[PDB]
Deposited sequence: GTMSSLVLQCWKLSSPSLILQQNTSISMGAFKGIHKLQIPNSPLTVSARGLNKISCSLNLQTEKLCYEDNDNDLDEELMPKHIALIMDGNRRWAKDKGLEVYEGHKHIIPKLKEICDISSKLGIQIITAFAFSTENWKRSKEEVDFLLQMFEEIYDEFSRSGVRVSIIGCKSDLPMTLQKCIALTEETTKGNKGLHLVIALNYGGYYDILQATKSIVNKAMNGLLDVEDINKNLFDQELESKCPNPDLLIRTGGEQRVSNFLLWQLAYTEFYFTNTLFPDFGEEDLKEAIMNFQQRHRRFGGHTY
């Protein structure tokens, strides 16, 4: 029984793609590219904070990236501990979404500490999606709703867009604009439910080259789209 008849973007979703190709093209080891991820992201938060943007959700590690080599996966998961150094004494408030229990317990602790030391910052809110996927987010929300029903807390007739939204890890307000660096035109199992009405902007610029002028261009393209539609 169905029946069908949340100028400057508030929330930006960021897919931080193209770091290996950047390094290989410069004659560098692949890992040199990955070392630019956290510092560039910090730089983008400072630029965005000054433009009036309020939320950034950034894709750092997907649930499919476990298919890469053991060497590359081990390097990346060790490298993400620098989140604490780069952000713990900044003006940014930091959260992580994703399945934290699959990560090394040392990373779990840096994450827990980064969230703790920055929780009171009133500026920009940076959400880092680490071991995250849209399938995972929808499935964990479904399991939560199933447990509430089995405990007598809701009826099937109470399941609606609002209820489901409150069980997801990324909630309303959803991204107004998605920026994906690195040339590819696909969402790669990022924020599936949350991107239903988001504007998609794809640039060929590789993530370690994405700078203030490139961000400004994406925002101008976004403002042009709204005069039109």
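Of the deposited sequence, the ranges 1-54, 60-65, 67-77, 301-305 have no C-alpha coordinates according to the record.
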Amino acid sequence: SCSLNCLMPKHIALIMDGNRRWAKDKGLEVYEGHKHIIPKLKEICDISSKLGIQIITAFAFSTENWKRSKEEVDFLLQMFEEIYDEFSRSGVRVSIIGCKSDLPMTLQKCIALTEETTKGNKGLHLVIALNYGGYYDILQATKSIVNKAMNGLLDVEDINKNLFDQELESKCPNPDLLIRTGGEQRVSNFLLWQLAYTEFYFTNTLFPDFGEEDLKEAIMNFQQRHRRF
From here on, numbers count along this sequence of modelled residues.
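Under this definition, the rigid core comprises the largest set of C-alpha atoms superposing within 1.5 Å between the forms.
When the other structures are laid on the shown form by the core, the C-alphas of 127-135 and 109-117 differ in how far they drift in 5 other deposited structures of this protein; the larger average drift belongs to 109-117. Taking the rigid core as the alignment reference, the C-alpha atoms of 66-74 lie farther on average from the displayed form in 5 other deposited structures of this protein than those of the other stretch among 170-178 and 66-74. In this entry, 30-38 has the higher mean Cα B-factor, the comparison being between 57-65 and 30-38. When the C-alpha B-factors of 112-120 and 126-134 are averaged, 112-120 comes out higher.
In this entry, the residue among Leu154, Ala141, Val92, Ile97 with the greatest C-alpha B factor is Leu154. Ranked against the other modelled residues of its chain, the C-alpha B-factor of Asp25 as given in the entry falls in the highest third. When the CA B factors of the chain's modelled residues are split into thirds, the value for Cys45 lands in the middle one. Per the deposited record, the Cα B-factor of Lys70 falls in the highest third when ranked against the other modelled residues of its chain. Per-chain ranking of the deposited C-alpha B factor places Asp17 in the lowest third.
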